[PDB]
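Here the structure is laid out as structure tokens; the discussion comes afterwards.
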Amino acid sequence: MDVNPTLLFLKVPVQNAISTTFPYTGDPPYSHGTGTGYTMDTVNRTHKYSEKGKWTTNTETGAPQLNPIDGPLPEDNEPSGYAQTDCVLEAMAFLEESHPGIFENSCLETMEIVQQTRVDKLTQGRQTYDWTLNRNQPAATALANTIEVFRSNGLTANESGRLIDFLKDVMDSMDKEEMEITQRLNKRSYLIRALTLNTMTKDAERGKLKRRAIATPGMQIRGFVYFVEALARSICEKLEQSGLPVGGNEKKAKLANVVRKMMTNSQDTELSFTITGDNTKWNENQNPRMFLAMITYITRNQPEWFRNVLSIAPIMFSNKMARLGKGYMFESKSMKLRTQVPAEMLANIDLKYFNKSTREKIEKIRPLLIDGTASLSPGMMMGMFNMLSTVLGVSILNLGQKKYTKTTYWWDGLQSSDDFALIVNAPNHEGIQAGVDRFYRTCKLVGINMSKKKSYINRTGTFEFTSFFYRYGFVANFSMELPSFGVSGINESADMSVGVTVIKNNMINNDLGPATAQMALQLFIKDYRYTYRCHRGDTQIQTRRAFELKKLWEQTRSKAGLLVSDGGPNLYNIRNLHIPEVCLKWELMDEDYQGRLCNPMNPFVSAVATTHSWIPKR
Amino acid sequence: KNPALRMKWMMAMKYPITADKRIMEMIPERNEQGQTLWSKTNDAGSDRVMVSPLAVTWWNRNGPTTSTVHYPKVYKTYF
Amino acid sequence: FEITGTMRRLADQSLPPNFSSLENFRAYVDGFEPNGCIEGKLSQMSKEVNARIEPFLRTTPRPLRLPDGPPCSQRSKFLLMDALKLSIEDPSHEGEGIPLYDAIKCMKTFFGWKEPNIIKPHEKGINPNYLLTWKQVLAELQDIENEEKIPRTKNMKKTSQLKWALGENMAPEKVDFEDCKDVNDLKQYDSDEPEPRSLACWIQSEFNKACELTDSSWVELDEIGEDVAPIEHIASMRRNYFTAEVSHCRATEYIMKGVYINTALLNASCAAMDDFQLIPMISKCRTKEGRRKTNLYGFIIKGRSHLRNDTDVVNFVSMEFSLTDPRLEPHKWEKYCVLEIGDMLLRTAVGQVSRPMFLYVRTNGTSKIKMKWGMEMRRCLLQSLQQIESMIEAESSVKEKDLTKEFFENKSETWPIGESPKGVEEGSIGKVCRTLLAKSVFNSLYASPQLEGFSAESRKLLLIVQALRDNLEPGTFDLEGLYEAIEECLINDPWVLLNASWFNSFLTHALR
Amino acid sequence: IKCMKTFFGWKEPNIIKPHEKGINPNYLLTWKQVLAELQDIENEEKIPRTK
RNA sequence: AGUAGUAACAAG
Ligand SMILES: [Mg+2]
């Protein structure tokens, strides 16, 4: 008898038991070495997809940029970055016509946000890139460093605390002939440095076999990217076909709503087909100048300063410089030696050291390589513009109404800037095929390519969108991974509260099951008791705290009034996950116990601040 | 780097908690079973002394008691 | 907010063709009206840009093509099916404080040692250096008994054989590029693809033995609050009926063993960075009568732990007891050196038998992230329940009725779970739960990028097959590309090969 | 040590029947020391045979 | 040797 769990799919539908297809219990793959090869491969692919563009040498920097706009129309199904600005503007105009007044309201809200934006919003974020150190630093540290640098070379108009003032300081810093670093710097090198994108390899990434390159921008463009993202979020919030930034339950509601809307008019003589797919090479296919044109159309009849602020970001993103990472490592077996060659030395190096593929990539990247930074004018890098691309896709999605197609077929659906579900209605199979072909050609006209391998078409009723599986009205949210459910490592009460809050948040958001939540609570309680040696007073486990806990247990009368940190029973459950432990058991504590527990004169204190909220040593 | 492993390692030690010197007066140095509660050695950085969780449990089961009824009042969101 | 000269030039360099200045482009955008541009562009494009819909019939899908080559070998961190334990009965008192003395007691409980000899030699390694290690492990134990002060942890002396088996002084010296510019053989590291391997039959037996029940309890859980809401009652019923059936599965023993081994190894690496610390494999369980039981599996000798990144490799030497003759399946033990260390006396229903007891000694390596994720193997349990109730809850949605009591109380085999020459094997809910737990445990143990890629690639094929079975007329745009992507991840990992074989079997049996 | 650990009912010692010809506190200070010297075993880096 | 897989660890 050979056990085959996949045979369970013979009876149970795969949508009901899809959790067996997510091996999210092992360690995700990591990257050993440098990301220079991946970065060079990405740049070569991006420039190959635009090989029929216009090459123009820069003036301020001198790097040769590539312009694929208004290039030759594609002749095959291969990816192409040739996007016509007229088609994009027409799609934006049609989207505005279908939903009047969205752009003006979004602009007003974004202007209000800009006028009401502080400078500390840049402190919170991911690991950013520091140009002064040319390294990867936390956002707060990089912000402090650039503030000190702008204080050295006198530019101190951002001390008021407004982000607009910092943006103006960055604006004025680009015209300085000389720059000083706490290493004297001139103007051209500073301008090149300000456009540098630090490249590394993404770790802990699932669903892929080979590693991929991820880029991080500098500290100068953070505010402009923030403003652009705010505008895109404001636009998306008024669109019902977007997938961001709603939650899991809201996403399920959106799926049900769109399915019901499409199926509320389908008669017996009308056929409906649903396709699910992804977008291949999405990041390296969208020209930043297309985003610039879209933003320009967005800000029609607006103050000049606001539209200039919006347009600053695509201008810099159209002339970005990509770093080459760390470098490479060479080995000599006979001499038994290993050496490290930095990325800056790749400009002048013999090709006999590398293999065929590496030397081919180096040869292809050398003409675009200057001072250790390559030119990457076309295409986004990893994820900087998500919701703007979602707006671009939803424009094409909205372009599928009957008033525009003017044919017996018509399509709608949802998109999340990489995943898309498209449902098309037509009276016959030929109409379905014609609508699918029209949608594919329209997407190709803008720079959107549908991955044929990852896309499939069936009859309406079962489909998938962003790991949400819809089947006959039932949706399962399996787009996240369960956390470790362990101690945080601060103190007793803080760790208990944080664990309970994490369990509650996972239950309310990630659609965690009740039995699974109870099991997670049990595991967390076990880990907490083992870590803090706070076992129950009626147990037979010998620790250093065993004697004191036993004395406390035999001293008290109401056993349920003791906290878990003091050997008390675990009264937490599903219905009590929103109540702190101290307040939950407050009515069961003894008078002396509660008097001593929260005494304000305890030496440990200089959630409720009790004696368990001590401070460890560094 | 990893707070969980650091917390486990620190709790595996003898005197992980820091406290004011005043704790030298409210609680005895030795338990009735002979276990130590705090150490005379001084930490680096200030005059604070070292204290084991046994001292916390001892204070919980043996310590000054006062009429504390304001806690449910001032703390309302948690209560 | 004005634009300066440098930024003005930068903007002028960031415009579409046939646009001299940014003001001209802005004016053009401000006065634009859509006039049939999209239709004209569509007519201009050739007919080669098309997306045909290829029907997916009952004969279109083909079985996956497994790679060929030498048979795959075992690559787990410790023995799973052939592991042998030396057990002692720990009473209620004397709680577990030191594992070294427990290992010493477990070793003392055995009296059938003999002179070790090599049975299955290692091909690419120096065999005697392994043997000289094992005897040393014995000797360093006896030096404990005559020591004037009993130590907590034992650090092995860096002998000649331990220096070779732990990879000491093996990395090349780090020198600057300037001093080695002119070297005739100075090249970069060889970034070659993994060698292809062919699927073997031992992994199926391993999985089959992983789902069986044991005679001991391996997991103990704490208590929670009383049940008040009906949802709490249903959750408690589901959790209890899952735990009471899954507590005695061997996968729980594997989880506990891996968690303990990884935790001990990580602690030793953090503490003793420059010591050859000896770490024994120890597990704890509860007997049916209700008494503690401590089992010893073997020993681990850990090298240096000077780790800077999260991908640095610590080398260790693992010796594990076993009762399986390595000569039955030599290809499974390619990276193992096996000795013969004793003669166990087994008392069974047939009486007294004598079985030789071997010792599998091998050199392995691990990283910090692997050790960290090995300490969280218990989450597999948390996943397994999630794979059950979410299924059962699904059966509620189609019926608008809680089917919790309608599935656990069904005293009949209801789910197809196995394969037999007679036909598809049927099983109850408990067998399904054990199988899911074993699958999660094996995913945790054999985690690799190949498996993650293959599962994601084959999910779409599974969905297509399900849609075909639902008479929804599925269609594909490029089936060959999807098949090539699926087959790209099958290189040398036995777990992924077994999963691919399972998928092929399911595809064969789903159209009959 | 194990036999001592099996008990959990210790308390602060006090003199009940004093010795007539001897210094009573010197006895009491002895007993507490016997406890303390036991605890110093548990934190010792190397467990000794005799104390 | 071994870990590992498109490049690295096997101390600096
Ligand atoms: Mg998809």
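Following the order of the structure tokens, chains are lettered A, B, ..., residues in each are numbered from 1, and ligands are numbered from 1.
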
(message) Taking only C-alpha atoms (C1' of nucleotides) into account and nothing else, which residues of chain E lie no more than 6 Å away from chain C? Please answer as a list in words.
(response) residues 1, 2, 3, 6, 9, 10 and 11 of chain E

(request) Compile the residues of chain D that lie within 6 Å of chain B, evaluated using only C-alpha atoms, and express the compilation as a PyMOL selection string. (result) chain D and resi 11-12+35-36+39

What would the file look like if the residues just selected were written as a PDB file, in the first residue's frame with N, CA and C atoms?
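The new file out_19.pdb reads:
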ATOM      1  N   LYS D  11      10.639  26.916  55.460  1.00  0.00           N
ATOM      2  CA  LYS D  11      10.253  28.200  56.028  1.00  0.00           C
ATOM      3  C   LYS D  11      11.459  28.775  56.760  1.00  0.00           C
ATOM      4  N   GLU D  12      11.285  29.968  57.311  1.00  0.00           N
ATOM      5  CA  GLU D  12      12.369  30.621  58.032  1.00  0.00           C
ATOM      6  C   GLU D  12      12.615  29.900  59.350  1.00  0.00           C
ATOM      7  N   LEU D  35      22.304  25.231  53.676  1.00  0.00           N
ATOM      8  CA  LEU D  35      21.459  25.483  52.516  1.00  0.00           C
ATOM      9  C   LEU D  35      22.234  26.218  51.430  1.00  0.00           C
ATOM     10  N   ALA D  36      22.934  27.292  51.804  1.00  0.00           N
ATOM     11  CA  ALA D  36      23.591  28.134  50.809  1.00  0.00           C
ATOM     12  C   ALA D  36      24.638  27.350  50.032  1.00  0.00           C
ATOM     13  N   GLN D  39      23.148  25.500  47.167  1.00  0.00           N
ATOM     14  CA  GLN D  39      22.787  26.257  45.973  1.00  0.00           C
ATOM     15  C   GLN D  39      24.014  26.617  45.147  1.00  0.00           C
TER      16      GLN D  39
END

Contacts of chain C with chain B up to 12 Å, shortest pair per row, only C-alpha atoms, as a tab-separated table:
residue	atom	partner	partner_atom	distance
C:97	CA	B:12	CA	11.7
C:263	CA	B:5	CA	9.9
C:266	CA	B:5	CA	9.5
C:267	CA	B:9	CA	8.8
C:268	CA	B:9	CA	11.7
C:270	CA	B:5	CA	9.8
C:271	CA	B:9	CA	9.8
C:309	CA	B:1	CA	11.7
C:310	CA	B:1	CA	11.1
C:368	CA	B:2	CA	11.4
C:369	CA	B:2	CA	11.4
C:372	CA	B:5	CA	9.9
C:375	CA	B:5	CA	11.1

Taking a cut-off of 9 Å and counting only C-alpha atoms, can you build a table that, for each residue of chain B near chain A, reports the nearest atom pair and how far apart they are in Å (one decimal), sorted by chain then residue number, as a Markdown table?
| residue | atom | partner | partner_atom | distance |
| --- | --- | --- | --- | --- |
| B:2 | CA | A:489 | CA | 8.8 |
| B:3 | CA | A:489 | CA | 5.1 |
| B:4 | CA | A:489 | CA | 4.9 |
| B:5 | CA | A:489 | CA | 8.0 |
| B:6 | CA | A:489 | CA | 7.4 |
| B:7 | CA | A:489 | CA | 5.0 |
| B:8 | CA | A:531 | CA | 6.0 |
| B:10 | CA | A:616 | CA | 8.1 |
| B:11 | CA | A:532 | CA | 6.9 |
| B:12 | CA | A:531 | CA | 8.7 |
| B:16 | CA | A:616 | CA | 5.7 |
| B:17 | CA | A:616 | CA | 4.5 |
| B:18 | CA | A:616 | CA | 5.8 |
| B:19 | CA | A:604 | CA | 5.5 |
| B:20 | CA | A:603 | CA | 5.9 |
| B:21 | CA | A:603 | CA | 8.3 |
| B:22 | CA | A:603 | CA | 6.9 |
| B:23 | CA | A:603 | CA | 5.9 |
| B:26 | CA | A:603 | CA | 8.9 |
| B:33 | CA | A:547 | CA | 8.4 |
| B:35 | CA | A:544 | CA | 8.7 |
| B:43 | CA | A:617 | CA | 8.7 |
| B:50 | CA | A:617 | CA | 8.8 |
| B:53 | CA | A:545 | CA | 7.5 |
| B:54 | CA | A:545 | CA | 5.9 |
| B:56 | CA | A:611 | CA | 7.0 |
| B:57 | CA | A:548 | CA | 6.2 |
| B:58 | CA | A:548 | CA | 6.5 |
| B:59 | CA | A:596 | CA | 7.3 |
| B:60 | CA | A:597 | CA | 5.7 |
| B:61 | CA | A:552 | CA | 5.4 |
| B:62 | CA | A:596 | CA | 7.9 |
| B:63 | CA | A:596 | CA | 6.2 |
| B:64 | CA | A:596 | CA | 6.2 |
| B:65 | CA | A:596 | CA | 5.0 |
| B:66 | CA | A:595 | CA | 5.4 |
| B:67 | CA | A:595 | CA | 6.3 |
| B:68 | CA | A:595 | CA | 5.9 |
| B:69 | CA | A:595 | CA | 8.8 |
| B:71 | CA | A:608 | CA | 8.1 |
| B:72 | CA | A:583 | CA | 8.0 |
| B:75 | CA | A:608 | CA | 7.6 |
| B:78 | CA | A:580 | CA | 6.3 |
| B:79 | CA | A:583 | CA | 5.5 |

(message) as a PyMOL selection string, please: every residue in segment 158-296 of chain A that DSSP puts in alpha helix (DSSP H).
(response) chain A and resi 163-173+187-194+222-237+248-263+288-296

(request) State, in Å with one decimal place, the distance from atom CA of residue 50 of chain A to atom CA of residue 81 of chain A. (result)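 Going from atom CA of residue 50 of chain A over to atom CA of residue 81 of chain A covers 5.8 Å.
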
(request) Write as a PyMOL selection string the residues around ligand 1, taking 7 Å as the cut-off and counting only C-alpha atoms (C1' of nucleotides) and all ligand atoms. (result) chain A and resi 276-278+419-420+464-466

Kindly save the residues from that selection, with N, CA and C atoms included, as a PDB file, in the first residue's frame.
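This is the output file part_39.pdb:
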ATOM      1  N   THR A 276      -7.458  33.223 -16.383  1.00  0.00           N
ATOM      2  CA  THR A 276      -6.593  33.661 -15.298  1.00  0.00           C
ATOM      3  C   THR A 276      -5.156  33.656 -15.790  1.00  0.00           C
ATOM      4  N   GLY A 277      -4.404  34.701 -15.449  1.00  0.00           N
ATOM      5  CA  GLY A 277      -3.041  34.748 -15.943  1.00  0.00           C
ATOM      6  C   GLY A 277      -2.184  35.734 -15.188  1.00  0.00           C
ATOM      7  N   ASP A 278      -0.893  35.680 -15.491  1.00  0.00           N
ATOM      8  CA  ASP A 278       0.090  36.605 -14.955  1.00  0.00           C
ATOM      9  C   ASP A 278       0.717  37.397 -16.093  1.00  0.00           C
ATOM     10  N   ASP A 419      -1.062  39.858 -11.471  1.00  0.00           N
ATOM     11  CA  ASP A 419      -2.064  38.831 -11.699  1.00  0.00           C
ATOM     12  C   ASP A 419      -3.335  39.471 -12.240  1.00  0.00           C
ATOM     13  N   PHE A 420      -4.010  38.760 -13.139  1.00  0.00           N
ATOM     14  CA  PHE A 420      -5.229  39.308 -13.711  1.00  0.00           C
ATOM     15  C   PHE A 420      -6.201  38.181 -14.027  1.00  0.00           C
ATOM     16  N   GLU A 464      -8.977  31.850 -10.227  1.00  0.00           N
ATOM     17  CA  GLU A 464      -8.024  32.227  -9.195  1.00  0.00           C
ATOM     18  C   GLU A 464      -7.541  33.649  -9.443  1.00  0.00           C
ATOM     19  N   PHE A 465      -7.286  34.372  -8.355  1.00  0.00           N
ATOM     20  CA  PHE A 465      -6.785  35.742  -8.436  1.00  0.00           C
ATOM     21  C   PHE A 465      -6.027  36.050  -7.152  1.00  0.00           C
ATOM     22  N   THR A 466      -4.719  36.280  -7.277  1.00  0.00           N
ATOM     23  CA  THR A 466      -3.850  36.622  -6.148  1.00  0.00           C
ATOM     24  C   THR A 466      -3.979  35.603  -5.018  1.00  0.00           C
TER      25      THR A 466
END
